[PDB]
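Undergrad: Take a look at protein15.txt, compact mmCIF, C-alpha atoms and all ligand atoms:
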# COMPACT_ATOMS: atom_id res chain seq x y z
CA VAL N 1 24.05 -89.86 213.30
CA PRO N 2 20.49 -89.03 214.51
CA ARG N 3 19.33 -85.39 214.05
CA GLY N 4 16.25 -83.30 214.98
CA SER N 5 16.13 -83.47 218.81
CA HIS N 6 16.85 -79.86 219.96
CA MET N 7 16.20 -77.58 216.94
CA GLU N 8 19.71 -78.22 215.53
CA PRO N 9 20.39 -78.21 211.76
CA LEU N 10 19.12 -81.44 210.17
CA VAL N 11 22.01 -81.43 207.67
CA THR N 12 25.30 -79.50 207.61
CA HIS N 13 27.17 -80.85 204.53
CA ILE N 14 25.02 -78.71 202.19
CA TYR N 15 22.93 -75.59 202.79
CA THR N 16 19.18 -76.32 202.72
CA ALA N 17 16.04 -74.18 202.80
CA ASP N 18 12.30 -74.22 202.30
CA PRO N 19 11.50 -77.67 203.71
CA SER N 20 8.38 -79.29 202.24
CA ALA N 21 7.81 -82.47 204.24
CA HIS N 22 5.64 -85.46 203.26
CA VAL N 23 5.03 -88.95 204.59
CA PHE N 24 5.59 -91.41 201.71
CA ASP N 25 6.18 -95.17 202.28
CA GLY N 26 6.20 -94.68 206.07
CA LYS N 27 9.17 -92.26 205.94
CA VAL N 28 9.43 -88.48 206.04
CA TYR N 29 10.62 -87.13 202.67
CA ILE N 30 11.72 -83.50 202.58
CA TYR N 31 11.87 -81.45 199.36
CA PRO N 32 14.02 -78.38 200.12
CA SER N 33 15.89 -75.77 198.11
CA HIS N 34 19.63 -76.37 197.83
CA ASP N 35 21.31 -73.08 198.67
CA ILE N 36 24.72 -72.31 197.20
CA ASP N 37 27.09 -69.42 197.78
CA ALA N 38 26.82 -68.09 194.23
CA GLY N 39 28.01 -64.57 195.17
CA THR N 40 25.34 -63.12 192.85
CA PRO N 41 24.11 -59.53 193.43
CA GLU N 42 21.83 -59.11 196.46
CA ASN N 43 18.59 -57.18 195.90
CA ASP N 44 14.87 -57.05 196.63
CA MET N 45 14.09 -59.28 193.61
CA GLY N 46 16.14 -62.09 195.19
CA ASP N 47 18.86 -62.50 192.53
CA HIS N 48 21.14 -63.69 195.39
CA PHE N 49 18.99 -66.86 195.64
CA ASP N 50 20.66 -68.56 192.66
CA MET N 51 19.99 -72.23 193.32
CA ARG N 52 20.61 -74.78 190.56
CA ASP N 53 19.45 -78.24 191.75
CA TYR N 54 17.41 -80.19 194.30
CA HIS N 55 18.45 -82.93 196.73
CA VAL N 56 15.68 -85.01 198.32
CA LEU N 57 16.18 -85.78 202.04
CA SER N 58 14.54 -88.53 204.08
CA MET N 59 14.12 -89.57 207.71
CA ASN N 60 12.78 -92.86 209.10
CA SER N 61 12.17 -91.27 212.53
CA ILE N 62 12.26 -87.82 214.18
CA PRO N 63 14.88 -87.50 215.60
CA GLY N 64 16.70 -89.68 213.09
CA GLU N 65 19.47 -90.10 210.53
CA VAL N 66 18.89 -87.85 207.50
CA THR N 67 19.62 -89.43 204.08
CA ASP N 68 20.70 -87.15 201.22
CA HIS N 69 19.57 -88.95 198.05
CA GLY N 70 21.90 -86.95 195.73
CA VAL N 71 20.83 -84.65 192.90
CA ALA N 72 17.14 -85.32 192.11
CA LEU N 73 16.86 -82.60 189.43
CA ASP N 74 19.40 -80.23 187.87
CA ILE N 75 18.41 -76.96 186.16
CA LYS N 76 20.69 -77.81 183.18
CA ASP N 77 18.28 -80.69 182.37
CA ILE N 78 15.06 -78.60 182.53
CA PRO N 79 14.61 -77.47 178.89
CA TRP N 80 12.40 -74.44 179.58
CA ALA N 81 14.22 -73.11 182.68
CA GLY N 82 17.02 -70.53 182.60
CA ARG N 83 17.77 -69.81 186.27
CA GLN N 84 16.72 -69.90 189.93
CA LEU N 85 15.37 -73.26 191.08
CA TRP N 86 13.33 -72.02 194.02
CA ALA N 87 11.22 -73.85 196.67
CA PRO N 88 9.82 -77.20 195.41
CA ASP N 89 7.09 -79.60 196.53
CA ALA N 90 6.16 -83.21 195.81
CA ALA N 91 3.03 -85.33 195.47
CA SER N 92 2.28 -89.04 195.16
CA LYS N 93 -0.46 -90.55 192.99
CA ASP N 94 -0.98 -94.10 191.67
CA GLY N 95 2.65 -95.16 192.28
CA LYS N 96 4.21 -92.12 190.57
CA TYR N 97 5.88 -89.17 192.28
CA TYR N 98 5.66 -85.62 190.98
CA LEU N 99 8.11 -82.84 191.84
CA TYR N 100 6.69 -79.32 191.37
CA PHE N 101 9.20 -76.52 191.06
CA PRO N 102 9.35 -72.78 190.33
CA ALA N 103 12.03 -71.42 188.00
CA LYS N 104 12.59 -68.52 185.63
CA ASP N 105 11.88 -69.26 181.98
CA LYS N 106 14.06 -67.75 179.22
CA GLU N 107 12.06 -64.48 179.34
CA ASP N 108 12.87 -64.11 183.10
CA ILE N 109 9.28 -64.98 184.09
CA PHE N 110 8.75 -67.41 186.98
CA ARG N 111 6.72 -70.48 185.98
CA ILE N 112 5.98 -73.77 187.73
CA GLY N 113 6.99 -77.09 186.13
CA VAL N 114 6.61 -80.75 187.02
CA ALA N 115 9.10 -83.61 186.95
CA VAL N 116 8.16 -87.29 187.30
CA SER N 117 9.65 -90.34 189.05
CA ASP N 118 8.80 -93.85 190.22
CA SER N 119 10.39 -93.12 193.63
CA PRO N 120 9.81 -90.45 196.33
CA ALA N 121 13.62 -90.03 196.42
CA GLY N 122 13.84 -89.31 192.67
CA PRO N 123 15.61 -88.64 190.43
CA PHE N 124 12.89 -86.88 188.41
CA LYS N 125 12.45 -86.34 184.65
CA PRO N 126 11.18 -82.79 183.94
CA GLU N 127 8.42 -82.12 181.46
CA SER N 128 9.74 -80.04 178.55
CA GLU N 129 7.45 -77.04 179.22
CA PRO N 130 6.07 -75.56 182.45
CA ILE N 131 2.48 -76.12 183.59
CA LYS N 132 0.13 -74.21 181.27
CA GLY N 133 -1.39 -71.26 183.14
CA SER N 134 1.20 -71.38 185.95
CA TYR N 135 3.21 -68.38 187.08
CA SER N 136 5.04 -67.06 190.13
CA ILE N 137 6.56 -69.35 192.78
CA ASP N 138 6.29 -71.64 195.82
CA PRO N 139 3.95 -74.47 194.83
CA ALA N 140 2.34 -76.57 197.55
CA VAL N 141 0.44 -79.58 196.22
CA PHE N 142 -2.10 -80.74 198.78
CA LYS N 143 -3.94 -84.06 198.66
CA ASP N 144 -7.33 -83.69 200.32
CA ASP N 145 -9.08 -86.63 202.07
CA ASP N 146 -11.45 -87.05 199.09
CA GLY N 147 -8.48 -87.79 196.76
CA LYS N 148 -8.51 -84.40 195.00
CA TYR N 149 -5.15 -82.65 194.64
CA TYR N 150 -4.76 -78.85 194.67
CA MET N 151 -1.77 -76.64 193.93
CA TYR N 152 -1.45 -73.58 196.13
CA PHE N 153 1.10 -71.08 194.76
CA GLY N 154 2.45 -67.56 194.57
CA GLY N 155 4.93 -65.07 195.94
CA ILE N 156 5.03 -61.26 195.73
CA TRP N 157 8.06 -58.98 195.25
CA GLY N 158 10.72 -61.20 193.56
CA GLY N 159 8.13 -63.94 193.14
CA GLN N 160 6.30 -61.71 190.58
CA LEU N 161 2.71 -62.52 191.67
CA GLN N 162 1.85 -58.78 191.61
CA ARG N 163 2.58 -58.83 187.83
CA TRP N 164 -0.26 -61.36 187.18
CA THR N 165 -3.65 -59.67 187.63
CA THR N 166 -4.90 -59.84 184.00
CA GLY N 167 -3.78 -63.34 182.92
CA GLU N 168 -0.76 -61.76 181.19
CA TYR N 169 2.63 -60.84 182.62
CA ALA N 170 2.66 -57.11 183.37
CA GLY N 171 6.35 -56.87 182.29
CA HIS N 172 9.80 -56.31 183.82
CA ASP N 173 9.09 -52.59 184.45
CA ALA N 174 5.87 -53.43 186.39
CA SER N 175 5.54 -53.37 190.21
CA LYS N 176 8.50 -54.79 192.11
CA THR N 177 6.40 -55.28 195.28
CA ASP N 178 2.58 -55.48 195.36
CA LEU N 179 -0.52 -53.61 194.03
CA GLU N 180 0.80 -50.37 195.59
CA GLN N 181 -2.64 -49.70 197.06
CA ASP N 182 -2.41 -50.27 200.80
CA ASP N 183 -6.13 -49.62 201.46
CA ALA N 184 -7.24 -52.25 198.90
CA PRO N 185 -7.33 -55.97 199.78
CA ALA N 186 -3.86 -57.52 199.73
CA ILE N 187 -2.94 -59.94 196.95
CA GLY N 188 -3.98 -63.49 197.83
CA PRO N 189 -2.26 -66.77 196.99
CA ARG N 190 -3.42 -68.87 194.04
CA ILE N 191 -5.11 -72.29 193.87
CA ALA N 192 -6.00 -74.78 191.13
CA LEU N 193 -7.38 -78.30 191.22
CA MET N 194 -4.87 -80.60 189.53
CA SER N 195 -5.66 -82.73 186.50
CA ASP N 196 -6.03 -86.49 186.91
CA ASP N 197 -2.54 -87.03 185.37
CA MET N 198 -0.95 -84.41 187.69
CA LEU N 199 0.74 -82.49 184.81
CA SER N 200 -1.77 -79.64 184.41
CA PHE N 201 -4.49 -77.58 186.07
CA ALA N 202 -8.08 -78.88 185.88
CA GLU N 203 -9.67 -75.39 186.13
CA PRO N 204 -8.89 -71.70 185.69
CA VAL N 205 -6.60 -70.52 188.49
CA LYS N 206 -8.46 -68.88 191.42
CA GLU N 207 -7.29 -66.34 194.02
CA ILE N 208 -7.77 -67.13 197.72
CA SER N 209 -9.43 -64.51 199.95
CA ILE N 210 -7.86 -63.99 203.38
CA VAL N 211 -9.96 -62.05 205.88
CA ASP N 212 -9.61 -60.82 209.44
CA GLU N 213 -11.68 -62.00 212.41
CA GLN N 214 -14.50 -59.57 211.45
CA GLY N 215 -14.62 -60.86 207.84
CA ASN N 216 -12.85 -57.83 206.36
CA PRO N 217 -10.18 -58.46 203.71
CA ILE N 218 -6.59 -58.30 204.94
CA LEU N 219 -5.33 -55.08 203.36
CA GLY N 220 -2.21 -54.39 201.30
CA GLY N 221 -0.74 -52.17 204.05
CA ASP N 222 -1.12 -54.86 206.75
CA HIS N 223 2.36 -56.38 206.29
CA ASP N 224 2.19 -58.27 209.62
CA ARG N 225 -0.69 -60.43 208.28
CA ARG N 226 -0.87 -60.27 204.47
CA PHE N 227 0.38 -63.07 202.18
CA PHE N 228 3.96 -62.79 200.89
CA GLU N 229 5.11 -66.29 199.88
CA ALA N 230 5.42 -69.93 201.05
CA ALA N 231 1.77 -71.05 201.03
CA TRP N 232 1.10 -74.39 202.75
CA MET N 233 -2.13 -76.32 203.29
CA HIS N 234 -2.87 -78.91 205.95
CA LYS N 235 -6.03 -80.27 207.50
CA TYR N 236 -6.83 -80.87 211.18
CA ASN N 237 -10.17 -82.03 212.64
CA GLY N 238 -12.08 -81.05 209.44
CA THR N 239 -10.60 -77.53 209.24
CA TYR N 240 -8.36 -76.30 206.41
CA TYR N 241 -5.23 -74.42 207.51
CA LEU N 242 -3.60 -71.99 205.09
CA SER N 243 -0.21 -71.00 206.45
CA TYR N 244 2.33 -68.70 204.82
CA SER N 245 5.26 -66.33 205.15
CA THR N 246 4.64 -62.57 205.55
CA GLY N 247 8.05 -61.74 204.03
CA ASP N 248 9.23 -58.29 205.11
CA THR N 249 7.70 -58.87 208.59
CA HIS N 250 9.29 -62.35 208.83
CA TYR N 251 6.39 -64.40 210.30
CA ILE N 252 4.82 -67.69 209.44
CA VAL N 253 1.12 -67.09 210.13
CA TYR N 254 -2.04 -69.12 209.61
CA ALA N 255 -5.67 -68.71 208.64
CA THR N 256 -8.52 -71.25 208.79
CA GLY N 257 -11.41 -72.17 206.50
CA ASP N 258 -13.94 -74.90 205.71
CA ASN N 259 -12.84 -75.89 202.18
CA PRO N 260 -9.71 -75.80 199.95
CA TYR N 261 -10.62 -72.48 198.27
CA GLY N 262 -11.39 -70.53 201.45
CA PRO N 263 -11.99 -67.79 202.35
CA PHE N 264 -9.53 -68.19 205.21
CA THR N 265 -9.83 -66.24 208.45
CA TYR N 266 -6.53 -65.00 209.91
CA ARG N 267 -5.88 -66.62 213.33
CA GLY N 268 -2.31 -65.99 214.48
CA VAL N 269 1.42 -66.66 214.26
CA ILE N 270 2.88 -70.15 213.69
CA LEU N 271 6.56 -69.19 213.79
CA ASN N 272 8.23 -65.98 214.90
CA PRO N 273 11.16 -64.51 212.98
CA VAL N 274 14.35 -66.54 212.57
CA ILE N 275 18.00 -65.76 211.90
CA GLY N 276 18.11 -64.45 208.30
CA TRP N 277 15.50 -62.58 206.26
CA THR N 278 13.45 -65.48 204.92
CA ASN N 279 11.07 -67.70 206.85
CA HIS N 280 9.70 -70.88 205.22
CA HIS N 281 8.01 -73.95 206.62
CA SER N 282 5.85 -76.99 206.30
CA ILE N 283 3.49 -78.75 208.69
CA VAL N 284 3.19 -82.54 208.63
CA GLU N 285 1.76 -85.38 210.74
CA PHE N 286 4.10 -88.35 211.32
CA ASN N 287 3.41 -91.25 213.69
CA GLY N 288 0.54 -89.28 215.26
CA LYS N 289 2.64 -86.19 216.08
CA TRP N 290 2.61 -82.88 214.20
CA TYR N 291 5.88 -81.27 213.12
CA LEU N 292 6.90 -77.84 211.88
CA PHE N 293 9.82 -78.03 209.48
CA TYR N 294 11.48 -74.63 208.97
CA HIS N 295 14.85 -73.00 208.27
CA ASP N 296 17.25 -70.32 209.40
CA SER N 297 20.65 -68.83 208.51
CA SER N 298 22.39 -70.09 211.69
CA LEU N 299 24.84 -72.52 210.05
CA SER N 300 26.23 -69.85 207.68
CA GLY N 301 26.67 -67.27 210.47
CA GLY N 302 23.61 -65.29 209.39
CA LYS N 303 23.82 -65.14 205.58
CA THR N 304 20.23 -64.81 204.28
CA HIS N 305 20.87 -66.98 201.16
CA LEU N 306 22.77 -69.82 202.95
CA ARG N 307 20.24 -71.60 205.13
CA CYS N 308 19.75 -74.84 207.06
CA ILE N 309 16.54 -76.74 207.70
CA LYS N 310 15.34 -77.55 211.22
CA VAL N 311 12.32 -79.24 212.79
CA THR N 312 10.26 -78.96 215.96
CA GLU N 313 6.98 -80.34 217.34
CA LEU N 314 3.82 -78.32 216.59
CA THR N 315 0.84 -78.30 218.97
CA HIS N 316 -2.78 -77.92 217.85
CA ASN N 317 -5.29 -77.29 220.60
CA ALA N 318 -8.62 -79.10 220.32
CA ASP N 319 -10.34 -75.78 219.50
CA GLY N 320 -8.25 -75.62 216.28
CA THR N 321 -5.77 -72.97 217.46
CA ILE N 322 -2.03 -73.62 217.10
CA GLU N 323 0.54 -72.67 219.75
CA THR N 324 3.01 -70.07 218.44
CA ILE N 325 6.62 -71.28 218.19
CA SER N 326 9.49 -68.91 218.97
CA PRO N 327 12.63 -70.42 217.42
CA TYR N 328 15.33 -69.65 220.07
CA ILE N 329 13.66 -69.97 223.48
CA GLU N 330 13.94 -73.58 224.76
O1 LIG U 401 16.20 -58.72 180.90
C1 LIG U 401 17.06 -59.56 181.67
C2 LIG U 401 16.67 -61.02 181.44
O2 LIG U 401 17.05 -61.47 180.13
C3 LIG U 401 17.28 -61.96 182.48
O3 LIG U 401 16.57 -63.17 182.33
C4 LIG U 401 17.33 -64.37 182.35
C5 LIG U 401 17.83 -64.65 180.95
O4 LIG U 401 18.51 -65.90 180.94
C6 LIG U 401 17.63 -66.99 181.22
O5 LIG U 401 18.42 -68.17 181.10
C7 LIG U 401 17.01 -66.84 182.61
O6 LIG U 401 15.94 -67.76 182.83
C8 LIG U 401 16.39 -65.47 182.81
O7 LIG U 401 16.03 -65.23 184.17
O8 LIG U 401 17.06 -61.49 183.81
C9 LIG U 401 17.60 -60.19 184.05
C10 LIG U 401 16.96 -59.16 183.14
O9 LIG U 401 17.61 -57.89 183.31
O1 LIG U 402 11.06 -62.97 196.09
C1 LIG U 402 11.58 -62.76 197.40
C2 LIG U 402 12.42 -61.48 197.42
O2 LIG U 402 11.62 -60.34 197.11
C3 LIG U 402 13.03 -61.28 198.80
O3 LIG U 402 13.89 -60.15 198.78
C4 LIG U 402 14.21 -59.66 200.08
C5 LIG U 402 13.55 -58.29 200.25
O4 LIG U 402 14.03 -57.61 201.42
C6 LIG U 402 15.45 -57.50 201.47
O5 LIG U 402 15.83 -56.81 202.67
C7 LIG U 402 16.12 -58.86 201.46
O6 LIG U 402 17.54 -58.70 201.48
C8 LIG U 402 15.73 -59.65 200.23
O7 LIG U 402 16.22 -61.00 200.37
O8 LIG U 402 13.81 -62.41 199.21
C9 LIG U 402 13.05 -63.62 199.25
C10 LIG U 402 12.44 -63.93 197.88
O9 LIG U 402 11.65 -65.12 197.99
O1 LIG U 403 -11.25 -61.04 218.69
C1 LIG U 403 -10.56 -59.88 218.22
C2 LIG U 403 -11.04 -59.56 216.81
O2 LIG U 403 -12.38 -59.05 216.86
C3 LIG U 403 -10.11 -58.53 216.17
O3 LIG U 403 -10.54 -58.17 214.86
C4 LIG U 403 -9.94 -56.95 214.41
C5 LIG U 403 -10.97 -55.82 214.46
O4 LIG U 403 -10.46 -54.62 213.86
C6 LIG U 403 -10.05 -54.78 212.50
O5 LIG U 403 -9.60 -53.52 211.99
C7 LIG U 403 -8.92 -55.82 212.43
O6 LIG U 403 -8.44 -56.02 211.10
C8 LIG U 403 -9.38 -57.15 213.00
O7 LIG U 403 -8.28 -58.07 213.06
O8 LIG U 403 -8.79 -59.07 216.09
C9 LIG U 403 -8.20 -59.24 217.38
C10 LIG U 403 -9.06 -60.13 218.29
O9 LIG U 403 -8.65 -59.93 219.64
NA NA U 404 5.65 -74.48 200.81
NA NA U 405 -0.46 -67.46 219.07
When written as structure tokens, how does the structure in this file appear?
TA:
Amino acid sequence: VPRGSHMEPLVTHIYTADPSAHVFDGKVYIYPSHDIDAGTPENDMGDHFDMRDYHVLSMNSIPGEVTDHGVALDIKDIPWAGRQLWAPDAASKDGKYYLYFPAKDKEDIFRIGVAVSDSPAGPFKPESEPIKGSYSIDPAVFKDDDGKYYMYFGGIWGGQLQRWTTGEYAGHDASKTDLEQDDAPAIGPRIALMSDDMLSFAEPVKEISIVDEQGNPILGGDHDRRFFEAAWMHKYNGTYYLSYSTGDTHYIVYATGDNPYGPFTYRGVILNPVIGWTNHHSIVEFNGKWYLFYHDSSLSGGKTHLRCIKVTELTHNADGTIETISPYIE
């Protein structure tokens, strides 16, 4: 049956989260997390998010029938990964498809790996080791108009980004949150140009600067605006849009810049808070319309770790601003 007409759950037979949407072969492919009711301890490091595999979803139209393509990748088959298959993304280059995924290695350190397929629907064969120089979570691999591909990544708190300031992991007794200096600039997400073969980074990883409207860095104490997780990049009318989740304040917000590396100037809210703690999205153009894919905990009766993906239309104004979406109004 067709789904996606009035902000209803796109699928109900499994729990789904963290929708990363792409247009491949004239269809929308969605690369979400597959939530399961593991019953694992709940805490601020996110041990209750104990996902173990990915299912790729696809739609030929919006609204439209959603196809579940089965298990595309299983943690038991990723040699380096021990637990927690968190939010993935995909990219397409030269007839191959690449699935990028965060997971904990055997030392309990989040890394980002790649798995390869001949189809956007998978299944995917993981590389035996994670990407060299990767760390933390939430990859978004963005193909720019010039054919260059960039990975945006990172997440604080349970995502461990705050433990990577020196190029070495600070350790399991290091900060559980951020820099713990609220008057310093907040931690920014990470970016690296991808290698030609899509399996590695082509440069040393860089940090993205996010500034306010006056050009001042967004500060660590500014939880309404500072980066938490779920970086996403899209382009509209020559402007680069960095959007992300603010975590403990539950917003998707956005900031604009003139190139992939920024700096990005904070503009406003994309999506107000949803049912459940997390908020995670993607923004994609399909048949000349822009869509915001997102999730909430509505299907599970409000359980933060059992989510369902949803979609709605997103409106850019010609001046580059985006209309804020409130999830439960229309
Ligand atoms: O110190 C403990 C770690 O050993 C544990 O890390 C897990 C070990 O098993 C691996 O298969 C997993 O990838 C890894 O996360 O995490 C908890 C910590 O107390
Ligand atoms: O890494 C992130 C975790 O740090 C985050 O943990 C949340 C922190 O606030 C608590 O009130 C929530 O219960 C807990 O889920 O969860 C998301 C994860 O990506
Ligand atoms: O147009 C206005 C901006 O000038 C304003 O910028 C704020 C100025 O004070 C700083 O401390 C803030 O960080 C910065 O956002 O933002 C609101 C807007 O109406
Ligand atoms: Na993302
Ligand atoms: Na707004």
Undergrad: If the limit is 10 Å from any atom of ligand NA 405 (chain U), counting all atoms listed in the file, which residues qualify? Return them as a PyMOL selection string.
TA: chain N and resi 253-254+267-272+321-325
Undergrad: Write out as a list in words the residues lying within 6 Å of residue N:246, counting all atoms listed in the file and excluding same-chain residues fewer than 2 positions away.
TA: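 Residues meeting the cut-off are residues 227, 228, 249, 250 and 251 of chain N.
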Undergrad: Restrict the selected residues to C-alpha atoms and save them as a PDB file, in the coordinates of the input.
TA:
ATOM      1  CA  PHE N 227       0.380 -63.070 202.180  1.00  0.00           C
ATOM      2  CA  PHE N 228       3.960 -62.790 200.890  1.00  0.00           C
ATOM      3  CA  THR N 249       7.700 -58.870 208.590  1.00  0.00           C
ATOM      4  CA  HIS N 250       9.290 -62.350 208.830  1.00  0.00           C
ATOM      5  CA  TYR N 251       6.390 -64.400 210.300  1.00  0.00           C
TER       6      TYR N 251
END
Undergrad: Show me, as a PyMOL selection string, the residues that have an atom within 8 Å of residue N:187 when counting only C-alpha atoms, minus same-chain residues fewer than 3 positions from it.
TA: chain N and resi 162+178-179+220+226-227
Undergrad: Which residues are near stretch 292-298 of chain N? Cut-off 8 Å, only C-alpha atoms, ignore same chain within fewer than 4 positions. Put them as a count of residues only.
TA: 29
Undergrad: Around ligand NA 404 (chain U), at most 10 Å away and counting only C-alpha atoms and all ligand atoms, which residues are there? Put them as a list in words, please.
TA: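 If we count only C-alpha atoms and all ligand atoms, the neighbours of ligand NA 404 (chain U) turn out to be residues 18, 19, 20, 21, 31, 32, 87, 88, 89, 137, 138, 139, 140, 141, 152, 153, 154, 229, 230, 231, 232, 233, 243, 244, 245, 280, 281, 282 and 283 of chain N.
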Undergrad: 8 Å from ligand LIG 402 (chain U) is the threshold here; counting all atoms listed in the file, which polymer residues fall inside it? Answer as a ChimeraX atom specification.
TA: /N:42-46,48-49,155-160,177,229,247-248,277-278,304-305
